[PDB]
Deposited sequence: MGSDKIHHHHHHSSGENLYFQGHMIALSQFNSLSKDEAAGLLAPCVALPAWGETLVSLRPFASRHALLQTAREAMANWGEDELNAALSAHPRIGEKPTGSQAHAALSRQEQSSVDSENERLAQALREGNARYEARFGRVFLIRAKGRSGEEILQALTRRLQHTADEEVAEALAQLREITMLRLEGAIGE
């Protein structure tokens, strides 16, 4: 985790490289790098949210480029069923969630229409990206 003043002072490439693990969408990081120096971490995070506002199915697919056995098996079967039905890997923000919680989300999302699921997967992607950004850059 690097300070905001440090991040604001980095070369385009070093800044871009720092942001790369947040999400596999080069255009998003590029946008943030080009808007330095940020007034505050608050302003950086707000700008980051605005930069992901127009993400669609194309950005979803690009981003996704690569004890209790009942539960483990249920998650495996659900994931196979998800991938078969929707044509992509199942994306959920996993941090803070239990296995049972994930299974219940998976089960509910297996009942979605294509567009409903694109929307939620993207909403989860946005959460994941922000969490990673928040872990990477400080105040």
Margin query: Where does the structure fail to cover the deposited sequence at the C-alpha level?
Written below: 1 to 23, 90 to 116
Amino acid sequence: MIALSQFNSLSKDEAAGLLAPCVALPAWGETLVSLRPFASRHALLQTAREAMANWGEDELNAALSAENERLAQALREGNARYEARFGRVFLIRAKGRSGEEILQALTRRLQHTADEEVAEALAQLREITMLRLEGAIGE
From here on, numbers count along this sequence of modelled residues.
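Throughout, rigid core stands for the largest set of C-alpha atoms superposing within 1.5 Å between the two forms.
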Notebook entry, point to check: Is 67 to 75 or 38 to 46 the stretch whose C-alphas end up farther from this model in 4 other deposited structures of this protein after a rigid core fit?
Noted result: 67 to 75
Checklist line | 25 to 33 set against 57 to 65, stretch whose average Cα temperature factor tops the other in the entry | finding: 57 to 65
Checklist line | Comparing 82 to 90 with 99 to 107, the one whose average Cα B-factor in the PDB entry is higher | finding: 82 to 90
Next item on the list: Classify residue 133 as lowest, middle or highest third according to the C-alpha B-factor given in the PDB entry, relative to its own chain.
Entry: lowest
Next item on the list: Determine, from the deposited record, the chain-internal third of the Cα B-factor for residue 120: lowest, middle or highest.
Entry: lowest
Check: Thinking about Cα B factors across the chain, which third does residue 114 belong to?
Finding: highest
Item checked: Third of chain Cα B-factors occupied by residue 42 -> lowest
